[PDB]
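In what follows, a structure is listed as structure tokens, so that the remarks can point back to it.
Note that each Cβ is placed from the backbone with ideal geometry, even for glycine, and that neighbours are counted across all protein chains shown. Derivation of every value follows stated rules applied to the coordinates shown; laboratory data play no part.
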Amino acid sequence: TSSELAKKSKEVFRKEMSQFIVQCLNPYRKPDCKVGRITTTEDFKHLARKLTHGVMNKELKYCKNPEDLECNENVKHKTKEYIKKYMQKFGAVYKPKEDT
């Protein structure tokens, strides 16, 4: 049932994860963020979207069956760790035009 299960699971996942990523990015949008400080809300939102999309794509590659495409613990783990490591490339400020 995973073709349709996943229709709903990807949107739910991407939503959960966008919220989780949003939560994760929250300290970065703060004016005293040392690393990967998010410039603007639009950038914050764009990045949250983008990160959701990259976690999603990478696991869709290494999972292939979206019955497991969930913003689960494993995924969260991978995500927030990915996020940190990701934002470390921006430097002080988040500069997506100089992103990977």
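Miscellaneous remarks
- A Cα-only calculation for the chain places Rg and Dmax at 13.9, 47 Å.
- The value of relative contact order for the chain, using C-alpha pairs under 8 Å at least six residues apart, is 40 percent.
- Placing unit charges on each Cβ (+1 for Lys and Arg, -1 for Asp and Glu) gives the chain a dipole about its Cα centre, and among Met17, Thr79, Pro31 the Cα reaching farthest toward its positive end belongs to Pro31.
- Rounded to 10°, Cα long-axis angle of helix 73-87 versus longest principal axis of the chain: 30
- For the pair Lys45 and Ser3, the difference between a 0.36 nm per residue extended length and the Cα-Cα distance amounts to 12.3 nm.
- Calculated from backbone phi, Karplus (6.51, -1.76, 1.60) coupling profile of the stretch 19-24 in Hz, x at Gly/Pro: 6, 4, 4, 3, 4, 5
- Summing charges over neighbours of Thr100, with a neighbour being any other residue whose Cβ is under 12 Å away from its Cβ, gives +3 when K and R count +1 and D and E count -1.
- Under 5 Å between amide hydrogens, built in the peptide plane, is the criterion, and for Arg37 it picks out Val93, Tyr94 among residues at least 5 positions away or on other chains.
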